[PDB]
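Reproduced below: entry34.cif, with mmCIF, C-alpha atoms; chains and numbers go by the auth columns.
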data_data
#
loop_
_atom_site.group_PDB
_atom_site.id
_atom_site.type_symbol
_atom_site.label_atom_id
_atom_site.label_comp_id
_atom_site.label_asym_id
_atom_site.label_seq_id
_atom_site.Cartn_x
_atom_site.Cartn_y
_atom_site.Cartn_z
_atom_site.B_iso_or_equiv
_atom_site.auth_seq_id
_atom_site.auth_asym_id
ATOM 1 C CA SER A 1 -11.433 -12.272 1.747 0.00 2 A
ATOM 2 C CA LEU A 2 -8.683 -10.066 3.191 0.00 3 A
ATOM 3 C CA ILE A 3 -5.838 -9.024 0.927 0.00 4 A
ATOM 4 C CA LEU A 4 -2.757 -7.004 1.712 0.00 5 A
ATOM 5 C CA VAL A 5 -1.462 -4.684 -1.030 0.00 6 A
ATOM 6 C CA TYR A 6 2.128 -3.484 -0.530 0.00 7 A
ATOM 7 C CA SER A 7 3.824 -0.451 -2.043 0.00 8 A
ATOM 8 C CA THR A 8 6.723 1.883 -1.294 0.00 9 A
ATOM 9 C CA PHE A 9 6.869 5.690 -1.267 0.00 10 A
ATOM 10 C CA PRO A 10 9.568 8.341 -1.254 0.00 11 A
ATOM 11 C CA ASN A 11 8.742 9.743 2.170 0.00 12 A
ATOM 12 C CA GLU A 12 6.484 9.452 5.210 0.00 13 A
ATOM 13 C CA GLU A 13 4.229 12.321 4.179 0.00 14 A
ATOM 14 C CA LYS A 14 3.412 10.748 0.805 0.00 15 A
ATOM 15 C CA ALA A 15 2.689 7.344 2.320 0.00 16 A
ATOM 16 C CA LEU A 16 0.375 8.817 4.938 0.00 17 A
ATOM 17 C CA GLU A 17 -1.379 11.178 2.471 0.00 18 A
ATOM 18 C CA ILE A 18 -2.073 8.331 0.024 0.00 19 A
ATOM 19 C CA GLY A 19 -3.303 6.074 2.825 0.00 20 A
ATOM 20 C CA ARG A 20 -5.626 8.862 4.027 0.00 21 A
ATOM 21 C CA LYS A 21 -6.939 9.385 0.456 0.00 22 A
ATOM 22 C CA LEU A 22 -7.604 5.664 0.061 0.00 23 A
ATOM 23 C CA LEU A 23 -9.487 5.672 3.383 0.00 24 A
ATOM 24 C CA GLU A 24 -11.491 8.770 2.274 0.00 25 A
ATOM 25 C CA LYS A 25 -12.535 6.820 -0.828 0.00 26 A
ATOM 26 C CA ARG A 26 -13.373 3.755 1.320 0.00 27 A
ATOM 27 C CA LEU A 27 -11.088 1.653 -0.846 0.00 28 A
ATOM 28 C CA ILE A 28 -9.162 0.244 2.111 0.00 29 A
ATOM 29 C CA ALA A 29 -10.052 -0.532 5.725 0.00 30 A
ATOM 30 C CA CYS A 30 -6.688 0.606 7.076 0.00 31 A
ATOM 31 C CA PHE A 31 -3.008 0.932 6.347 0.00 32 A
ATOM 32 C CA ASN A 32 0.214 0.193 8.249 0.00 33 A
ATOM 33 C CA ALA A 33 3.326 2.146 7.109 0.00 34 A
ATOM 34 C CA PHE A 34 6.965 1.942 8.209 0.00 35 A
ATOM 35 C CA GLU A 35 10.386 3.297 7.248 0.00 36 A
ATOM 36 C CA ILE A 36 12.666 1.199 5.078 0.00 37 A
ATOM 37 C CA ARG A 37 16.083 1.246 3.477 0.00 38 A
ATOM 38 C CA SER A 38 16.032 -0.037 -0.106 0.00 39 A
ATOM 39 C CA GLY A 39 18.515 -1.001 -2.793 0.00 40 A
ATOM 40 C CA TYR A 40 18.123 -1.497 -6.528 0.00 41 A
ATOM 41 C CA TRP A 41 19.806 -0.762 -9.873 0.00 42 A
ATOM 42 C CA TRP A 42 19.285 2.661 -11.369 0.00 43 A
ATOM 43 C CA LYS A 43 20.903 3.934 -14.554 0.00 44 A
ATOM 44 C CA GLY A 44 23.556 1.258 -14.383 0.00 45 A
ATOM 45 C CA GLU A 45 24.523 1.741 -10.734 0.00 46 A
ATOM 46 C CA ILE A 46 23.412 0.119 -7.495 0.00 47 A
ATOM 47 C CA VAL A 47 21.788 2.737 -5.329 0.00 48 A
ATOM 48 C CA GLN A 48 20.774 2.822 -1.680 0.00 49 A
ATOM 49 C CA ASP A 49 17.620 4.772 -0.825 0.00 50 A
ATOM 50 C CA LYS A 50 15.389 5.600 2.133 0.00 51 A
ATOM 51 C CA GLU A 51 11.651 5.075 1.609 0.00 52 A
ATOM 52 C CA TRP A 52 8.412 4.307 3.440 0.00 53 A
ATOM 53 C CA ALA A 53 6.623 1.023 2.840 0.00 54 A
ATOM 54 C CA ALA A 54 2.941 0.522 3.447 0.00 55 A
ATOM 55 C CA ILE A 55 0.524 -2.359 3.606 0.00 56 A
ATOM 56 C CA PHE A 56 -3.076 -1.510 2.634 0.00 57 A
ATOM 57 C CA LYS A 57 -5.715 -3.911 3.949 0.00 58 A
ATOM 58 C CA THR A 58 -8.873 -4.399 1.933 0.00 59 A
ATOM 59 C CA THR A 59 -11.139 -7.046 0.432 0.00 60 A
ATOM 60 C CA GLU A 60 -10.516 -9.007 -2.760 0.00 61 A
ATOM 61 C CA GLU A 61 -13.521 -7.201 -4.318 0.00 62 A
ATOM 62 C CA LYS A 62 -11.750 -3.858 -3.989 0.00 63 A
ATOM 63 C CA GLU A 63 -8.368 -5.007 -5.376 0.00 64 A
ATOM 64 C CA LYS A 64 -8.837 -3.774 -8.952 0.00 65 A
ATOM 65 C CA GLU A 65 -10.102 -0.360 -7.812 0.00 66 A
ATOM 66 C CA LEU A 66 -7.314 -0.039 -5.238 0.00 67 A
ATOM 67 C CA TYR A 67 -4.651 -0.879 -7.819 0.00 68 A
ATOM 68 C CA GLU A 68 -6.086 1.755 -10.155 0.00 69 A
ATOM 69 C CA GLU A 69 -6.294 4.504 -7.544 0.00 70 A
ATOM 70 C CA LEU A 70 -2.929 3.721 -5.963 0.00 71 A
ATOM 71 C CA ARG A 71 -1.207 3.762 -9.398 0.00 72 A
ATOM 72 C CA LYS A 72 -2.872 7.118 -10.113 0.00 73 A
ATOM 73 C CA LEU A 73 -1.878 8.720 -6.809 0.00 74 A
ATOM 74 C CA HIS A 74 1.678 7.388 -6.845 0.00 75 A
ATOM 75 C CA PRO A 75 4.650 9.713 -7.146 0.00 76 A
ATOM 76 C CA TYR A 76 6.612 6.899 -8.883 0.00 77 A
ATOM 77 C CA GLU A 77 6.119 6.133 -12.555 0.00 78 A
ATOM 78 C CA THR A 78 6.419 2.366 -12.121 0.00 79 A
ATOM 79 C CA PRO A 79 5.682 1.733 -8.472 0.00 80 A
ATOM 80 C CA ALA A 80 5.983 -1.517 -6.624 0.00 81 A
ATOM 81 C CA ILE A 81 2.363 -2.665 -6.178 0.00 82 A
ATOM 82 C CA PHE A 82 1.730 -6.319 -5.269 0.00 83 A
ATOM 83 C CA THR A 83 -0.742 -8.414 -3.306 0.00 84 A
ATOM 84 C CA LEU A 84 -0.160 -10.846 -0.494 0.00 85 A
ATOM 85 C CA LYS A 85 -3.155 -13.192 0.099 0.00 86 A
ATOM 86 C CA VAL A 86 -3.860 -14.202 3.718 0.00 87 A
ATOM 87 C CA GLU A 87 -4.724 -17.721 4.824 0.00 88 A
ATOM 88 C CA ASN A 88 -6.825 -17.030 7.918 0.00 89 A
ATOM 89 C CA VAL A 89 -8.214 -13.995 9.735 0.00 90 A
ATOM 90 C CA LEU A 90 -9.877 -13.514 13.116 0.00 91 A
ATOM 91 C CA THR A 91 -13.611 -13.571 12.372 0.00 92 A
ATOM 92 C CA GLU A 92 -14.475 -10.364 14.239 0.00 93 A
ATOM 93 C CA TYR A 93 -11.682 -8.497 12.462 0.00 94 A
ATOM 94 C CA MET A 94 -12.744 -9.845 9.068 0.00 95 A
ATOM 95 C CA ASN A 95 -16.264 -8.548 9.775 0.00 96 A
ATOM 96 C CA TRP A 96 -14.918 -5.110 10.713 0.00 97 A
ATOM 97 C CA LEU A 97 -12.802 -5.068 7.527 0.00 98 A
ATOM 98 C CA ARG A 98 -15.714 -6.077 5.297 0.00 99 A
ATOM 99 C CA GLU A 99 -18.095 -3.565 6.894 0.00 100 A
ATOM 100 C CA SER A 100 -15.586 -0.729 6.470 0.00 101 A
ATOM 101 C CA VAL A 101 -15.135 -0.950 2.691 0.00 102 A
#
As structure tokens, what does this structure read like?
Amino acid sequence: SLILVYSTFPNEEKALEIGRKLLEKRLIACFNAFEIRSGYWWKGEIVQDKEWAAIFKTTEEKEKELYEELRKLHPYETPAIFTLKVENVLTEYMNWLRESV
């Protein structure tokens, strides 16, 4: 079925280049990326950062391969990579997604 894999990137160019590479490899059907502000602890201090998030849409069958490729293309050493399962999907869109990967 459809799965959404989320990650964050240091800038717009890196998010878009990785999404294009994943599409070139036919590992994902599409991506949606957007600018975010983030906050987290780093070296004992709370920091505020500006990043780009992206959601990568693909099938459950491609999840392992997508995790492996995305980890290998990521600029971050320990990137946020996690999966959100979906409960329903418009049939025609699910067919387009499945045919694409």
Minimum-distance residue to residue 78 (chain A), chosen among A:40, A:51, A:10, A:60 (using only C-alpha atoms): A:10
Residue with smallest distance to residue 2 (chain A) - pool A:102, A:87, A:75, A:49, counting only C-alpha atoms: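 Smallest distance to residue 2 (chain A) is found for A:87.
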Which residue of A:88, A:36, A:64, A:93 approaches residue 6 (chain A) most closely, using all atoms listed in the file: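 Answer, going by the shortest atom-to-atom distance: A:64.
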Ground truth for the PyMOL selection byres ((chain A and resi 52) around 7), written as a list in words: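 Output of the PyMOL selection byres ((chain A and resi 52) around 7): residues 9, 10, 11, 12, 36, 37, 38, 39, 50, 51, 53 and 54 of chain A.
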Padding 8 Å on each side, edges along x, y and z: where is the centre of the box around the listed atoms of region 74-90 of chain A, and how long are its edges in Å to one decimal? Output it as lines of an AutoDock Vina configuration file.
center_x = -0.8
center_y = -4.0
center_z = -1.4
size_x = 30.8
size_y = 43.4
size_z = 38.3
For residue 16 (chain A), the nearest of the candidates A:3, A:35, A:29, A:68, counting all atoms listed in the file: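 Among A:3, A:35, A:29, A:68, it is A:35 that comes nearest to residue 16 (chain A).
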Radius query 7 Å about (-8.5, -9.3, 7.0), atoms used: all atoms listed in the file, as a list in words: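 The distance filter leaves exactly residues 2, 3, 4, 58, 90, 94, 95 and 98 of chain A.
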Pick from A:91, A:28, A:81, A:34 nearest to residue 59 (chain A), counting all atoms listed in the file: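 Comparing A:91, A:28, A:81, A:34 against residue 59 (chain A), the winner is A:28.
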Hits of the PyMOL selection byres ((chain A and resi 7) around 7) in this structure, as number ranges by chain: A: 5-6, 8, 55-57, 82-84
Between CA of residue 101 (chain A) and CA of residue 80 (chain A) - distance in Å to one decimal: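 Computing it gives 26.1 Å between the two atoms.
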Minimum-distance residue to residue 86 (chain A), chosen among A:22, A:70, A:61, A:32 (using all atoms listed in the file):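 Between A:22, A:70, A:61, A:32, the residue approaching residue 86 (chain A) most closely is A:61.
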Å distance separating CA of residue 66 (chain A) from CA of residue 14 (chain A), one decimal place: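 Pair CA of residue 66 (chain A) / CA of residue 14 (chain A) returns 22.6 Å.
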Coordinates-based distance that separates CA of residue 79 (chain A) from CA of residue 44 (chain A) (Å, one decimal): 14.8 Å
